Chemist: 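Let me give you the structure first, and then I'll get to my questions.
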Amino acid sequence: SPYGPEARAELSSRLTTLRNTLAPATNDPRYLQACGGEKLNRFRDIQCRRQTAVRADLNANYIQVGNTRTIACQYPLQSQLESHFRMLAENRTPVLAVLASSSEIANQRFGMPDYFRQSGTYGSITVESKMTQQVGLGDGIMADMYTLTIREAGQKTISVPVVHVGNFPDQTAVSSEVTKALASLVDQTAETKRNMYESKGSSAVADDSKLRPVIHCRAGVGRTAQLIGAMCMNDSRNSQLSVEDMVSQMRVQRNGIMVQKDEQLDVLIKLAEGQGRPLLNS
Ligand code: VO4
């Protein structure tokens, strides 16, 4: 009963209603509008909740699912790179997880700058990329890791660990097993980096808005949301948080598309079932 087709249909029904309610109107007060002149949204129908927006010129949101705090964003546009790097630095980002594949990034029609595998200067910010480890996730899926060192006069220099799933199967969903392995890697990477900041006595440890994992694919609503859901299920503090809760929270805090595909919701359901975690509220 709890994970049967009836329960799953009811979950989908509730989530579909929510998506409709959250659909953006013209000049919607709930969503971030360009401020302005440059393109803000990579996709016109995939918008950034205003009240949880990280920066006025980025499509990026603070998200809290149960107790788990992250930032979900779109792949930054070329014009957004300086702002994106400043976001990463100010957040003392303990991990940046990029779920757009190498094939997607290499497709120049998609306008996705190769900002983390190359070094460069973006306005006042200079970034150095270094290759680190490579971790297999299962099914031949590989996480390539980097460190991004972000330098800017007047700012403390920040190094950001990057987890890039270079061969993400961008046509299809990754399995629950691969998702689990990825969530574990991303969480572990973040824990190691956060610990460094704690050991140095960083003031960012006491700030709700900082030390958040940053996760994006192309739009930051599909693969991104699947990973965030898996990360929240890894969090010891989230007992009894339902799948309905998780997805509703992602949607209200970013946009109604979070967990874009039924295929992605299937993975979250499987992970929840493995834990005896409820699908529905009440
Ligand atoms: O600006 V701090 O890395 O001392 O929180």
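Counting begins at 1 with the first residue of the sequence. Both ligands and their constituent atoms are indexed starting at 1 by order of listing.
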Chemist: May I ask you to check whether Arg92 has an N/O atom sitting below 3.5 Å from an N/O atom of ligand 1?
Modeler: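 In this structure, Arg92 places an N or O atom under 3.5 Å from an N or O of ligand 1.
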
Chemist: Using the rule that two of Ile, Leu, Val, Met, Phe, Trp, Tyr join whenever any of their side-chain heavy atoms come within less than 4.5 Å, decide whether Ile105 and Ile141 are in one cluster.
Modeler: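 No, it is not one cluster - the side chains of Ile105 and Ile141 are not joined through contacts under 4.5 Å.
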
Chemist: Would you call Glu82 and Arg55 a salt bridge, using N to O less than 4.0 angstrom?
Modeler: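 Between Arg55 and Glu82 there is no salt bridge, as every charged N stays at least 4.0 Å from the carboxylate O atoms.
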
Chemist: Quick one: which of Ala206, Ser202, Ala89, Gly201 has a heavy atom closest to atom 3 (O) of ligand 1?
Modeler: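 Considering heavy atoms of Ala206, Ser202, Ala89, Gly201, the nearest to atom 3 (O) of ligand 1 sits in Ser202.
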
Chemist: One thing to verify: whether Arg14 and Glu244 come together as a salt bridge, which I'm taking to mean a side-chain N less than 4.0 angstrom from a carboxylate O.
Modeler: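 So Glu244 pairs with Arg14 through a salt bridge.
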
Chemist: Run the numbers for me: atoms of ligand 1, each under 4.0 Å from some heavy atom of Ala204, listed by number.
Modeler: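 Listed by number with element: 5 (O).
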
Chemist: Are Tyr75 and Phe110 close enough, and set up right, to give a ring pair (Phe, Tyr, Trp, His ring centres under 6.0 Å), and what steps lead you there?
Modeler: CA-CA 10 Å; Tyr75 203 112; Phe110 285 170; over 10 Å; no

Chemist: Mind checking whether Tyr197 has an N or O less than 3.5 Å away from an N or O of ligand 1?
Modeler: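 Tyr197 vs ligand 1: no N/O contact under 3.5 Å.
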
Chemist: Classify the side-chain pair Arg254/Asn61 by whether it contains a donor and acceptor separated by less than 3.5 Å.
Modeler: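 Indeed, the side chains of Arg254 and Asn61 share at least one donor-acceptor pair under 3.5 Å.
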
Chemist: Would you mind listing which atoms of ligand 1 come within a distance below 4.0 Å of any non-hydrogen atom of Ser203?
Modeler: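 So the answer, numbered in order with elements, is 5 (O).
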
